[PDB]
Structure formats: C-alpha cells, structure tokens
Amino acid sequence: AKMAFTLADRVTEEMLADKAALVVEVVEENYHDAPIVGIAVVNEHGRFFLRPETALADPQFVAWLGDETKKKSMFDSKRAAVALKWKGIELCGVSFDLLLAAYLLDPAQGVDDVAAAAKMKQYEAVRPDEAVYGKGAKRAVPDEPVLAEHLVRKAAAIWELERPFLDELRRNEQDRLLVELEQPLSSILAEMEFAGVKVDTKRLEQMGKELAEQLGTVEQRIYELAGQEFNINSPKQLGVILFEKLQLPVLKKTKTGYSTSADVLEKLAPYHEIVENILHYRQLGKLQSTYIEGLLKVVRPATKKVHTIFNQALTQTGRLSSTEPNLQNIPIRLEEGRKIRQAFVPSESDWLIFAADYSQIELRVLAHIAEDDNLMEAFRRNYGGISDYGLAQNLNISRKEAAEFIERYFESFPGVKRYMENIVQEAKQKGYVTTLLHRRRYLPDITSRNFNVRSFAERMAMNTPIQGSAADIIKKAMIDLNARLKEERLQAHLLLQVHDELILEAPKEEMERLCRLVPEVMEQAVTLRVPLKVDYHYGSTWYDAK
C-alpha cells in the first residue's frame, strides 16, 4: 500500500491532460445540491489531489471539465455531473464509467463503490468508501491527508482497471452496450434529474387537508364495525381483530402470523363488510403518507421542484429505478389516487406535459424472441411463469379451470411454449441469459436440487430476456429522441422515464411536432418482427396528459 501523489495548492497545466481518471467526491447518498468534498486526478503525468474551493473557482480547471476533447474516466459519472451542475459547472468528455462497466459485466455483484469493482479484477490497493467515511450517525469526511489518499487511490484504481474492464466487455460483446448506450444515457439522466419536475404545492396541500378528513371518517367507521379501537396500520393488531375477535377464516399465514394482504381481504368480503373499509383505509393512508407528506418533504421550496435520482446500476434486468422520491410509482389506477398527478405541472408558464407509452412492449418482444407465428400474426393485425394455483387465486376462480386456461394458452401459442422450454435449457447450459442488446444476467442457482430455488431461477430465465430487452429498447429510444430534439432545436426536454413510458415538458407551440416526433422515434428505436406501437397524450398537468 505505497502510492505517491501531489497534494496540490493550485491547478497546474499537467493536471489538465487530454486523458485522465477523475474523481469528484460527493459523500452524501443524495447528490442533489450536495457538497463536493475533494477532487483527484490521475494521468500520464502523475497523481494529484485538489481542494474544490480551489479547483472549482479556477477558470482553466472549469474550462477543462467542460472540454469534451479532454477525456475523463470515472466511477458513477452521473453523480459527479449532477453535483457539478448544482455548482454551476458543466462536465463533458466522460469516456469510461467503471460503475456502468461493472454493472454490465454482472448486475448481481451489486457494485456500488470503486473497491467493489476493483474486486472483480483482484485489484486491492483501494479501500471501500464505508471504511473511510463510516456509517450512519458516524459518517464523516476524514482529515485531509486521509481523504486525499483515498480519492487518489480511487482515481488510480480507475486508471488501471479501464482496460481490463473494456477487454472483458469486448469479449462479452458488451463494449458497445456500455459506450453507445449506457454511457450516453447517463448524461441524459443527469439532465433530467437536474431539471426536476415542478409541483403545485397549494393543490397538494389542499388534497392532503381533504384526505386527512376522509381518513378520519373511514377510521371511525372501521372502529364501529370492529366494536373496538385498534391500529389499522398494524397487520399484527388487524390480524387479531379479523381472525380472533371476528373469527374470519384464515386463508393464508406468513412467517410472522396471519396474512392481511389485499388479495386475502378481498376474498373475505362475503364474511364481513369491515374488510372493504380496511382496504380503503390503507389505500388512503398510503396516499397521505407517501404521495402527500413524503412528496412535500422533498420539494425544494424556492423552486417547487422535486429532483429524483434514477439508479442506473441497480436492477437485475437492466431497468432503471427512481428514488427520493420515487417518481415511477405515482398513482394512476384508482381515480382517488390518480388525482395526485394534478400536482405535477410544467416548469414554465404556457408549457404542457407530454406523455408517450409503448403498448404491450413486453408481449411484442416475446413475439419477436419466440417467433410465435400466431402471436406475431395477432400483433400484425397474459403477463401471468404463473401456475394453475396463482392464476386461480388471482381471478378468484377454480383451480381446475385455471389449469385449463394455461393449457389452452400454450396450445394456441406453441412458439411461446417452445421458447419457454428452450430458454430454461439454455440457462442451465450456459449459466446466464441475455437480452437483445446483449445485456446479461447470471443464474448460478438454476440447477439447484432444491425445487423452490431452482424454480425461481427458471422463472428468471423466462422473464429476464423479455423485461430486459424492453429496457434496452426504451433506453435507446431516449438517446435517439434527445438527439432529434436537439437537432430540431426544440425547447422540449425529458423529465421522467417510467419503464415503458417517457414524460416530457415543452412550450404549447411544440405539441403538434412532438405528436409526430416522439412516437416515431420511440417506435423506430429497434426493428422487431412485429411493429412497436406508442400512444401519446398532452395536458396542463400530468393528470391531464391522458
């Protein structure tokens, strides 16, 4: 563990080389408007640590950051790019991202620091972040020399690991997936996160006021029907009321007690009317706790914007996730919750929300992969590997009839059935399954002698190529769309992605254009054996974009 570096007082010319590993350290998990605590640069000329108060107010260093011809290798470049946006500084020329590289090589490793990626190539001259900063209430930036060494060591690790990682991606035929898809997408996501979505707090607060009143009413009705006050939000207490006091049938148990899941309670409706009120209550309570209160807590008060973080290197299938707040699970199914969407508005006057969604993309993908003629044919002119039991329990119907449904289904679509058998066998033979754009998922459990473990792995083999291919497609669609927007000099920009949906905002005058441009780009992102179809709507709020 011996590594020389320069703890620099000012920026020098040799730090501004046209190829470098760069670390712009943001310690807080949520990097929006978060402090940059230190900077490290490793290049042909040496290793350098820089104070941010120094470097970020240096016109030549800012210049170098924003020069796309000066190439930087980094880890989680979106974190840096966004943290720098909040400092009023543009980051360009990121040519390698070790986080995304590690993610593509094996999503299951859960790589989320440089040390964890270095471990994939037995590189151990760098520490885990948690070891340096500590955890929870003990989390702290260490003394300068200790911080400086850690940052340089992370930069030095990125410097050395780039080629070994690119080399393995290439051998996997995933180099283009990184360089032409994930990396360009990262910059697009950074733009969306920094832009944020404006919220109508006056409307959200009034909705919360009315919701609190309604909750109270439902709450009292529940106590009356139960004959007792209890905590409805405690499955344990609720279980005692339903299955002991009221002696309702026990349909299901988990490891901690009686189940009170929505499925179960719906099945108990013929026994007592309290179960319908309880379901209603728990829906309203989630609206209040999460989509009123939890959302207001994360609104930036001066601008009324919420800024999500799209985790690009988390899910096992290639999807994004969205955190703090999650803007990919805003209610829509019930009118009561859907009204939440009225609080999501355009960031400027006389702008509108535009939403476009793929129709049944996973089913069209399956049609392509399996080359099922009947399914391909139907599309030219159901999501349930569900069993006869789950189907019966889902439709509240006969398990015998459910069995017959699945049987008939595979009769009609023998190509899908063939595919399901073949992809499982391939997974056992190779140890992983792959998506259209060569994303991979390893399935080491697929030959377990244990039935449950093996079965779950086989269902991943069936689902991951379909769900992951759909993720591939929409990611490419975002990249294509961005370019087309910039080419035509539209003011419209992306705000959100919701798996198979893109949400933008734009001047009212641009709807006519987007109505043609967005769907076309999305549909032409890849060419399958069946067509892609996209639906679209625009409005004064997210609610009205329907």
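A residue's number is simply how far along the shown sequence it sits, counting from 1.
**Student:** Just how many deposited residues go unmodelled from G384 to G385: none, 1 to 3, 4 to 9, or 10 or more?
**Tutor:** Unresolved stretch here: 1 to 3 residues.
**Student:** Looking at the deposited sequence, how many residues between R381 and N382 were given no coordinates in the entry: none, 1 to 3, 4 to 9, or 10 or more?
**Tutor:** Gap between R381 and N382: 10 or more residues without coordinates.
**Student:** Mean CA B-factor: is it higher for 28 to 36 or for 49 to 57?
**Tutor:** For C-alpha atoms only, the mean B-factor is higher in 49 to 57.
**Student:** Got a sec? Mean C-alpha B-factor, which is higher, 460 to 468 or 305 to 313?
**Tutor:** So the stretch with the higher mean C-alpha B-factor is 460 to 468.
**Student:** From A108, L334, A427, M420, can you pick the one with the highest C-alpha B factor in the entry?
**Tutor:** Top of the list by C-alpha B-factor: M420.
**Student:** From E401, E162, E293, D445, pick the one with the largest CA B-factor in the entry?
**Tutor:** Result of the comparison over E401, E162, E293, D445: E401.
**Student:** Comparing against every modelled residue in the chain, figure out the third that the C-alpha B-factor of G415 lands in (lowest, middle or highest).
**Tutor:** For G415, whose C-alpha B-factor we compare with every modelled residue in the chain, the answer is the highest third.
**Student:** Where does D200 sit by CA temperature factor within its chain: lowest, middle or highest third?
**Tutor:** For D200, whose C-alpha B-factor we compare with every modelled residue in the chain, the answer is the middle third.
**Student:** For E149, return the chain-relative third of its C-alpha B-factor as stated in the PDB record: lowest, middle or highest.
**Tutor:** For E149, whose C-alpha B-factor we compare with every modelled residue in the chain, the answer is the middle third.
**Student:** Using the B-factors in the PDB entry, rank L481's C-alpha atom against the chain and give the third, lowest, middle or highest.
**Tutor:** Its C-alpha B-factor belongs to the highest third of this chain's values.
**Student:** What third of the chain does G227 rank in for C-alpha temperature factor, lowest, middle or highest?
**Tutor:** As the PDB entry reports it, the C-alpha B-factor of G227 lands in the highest third of its chain.
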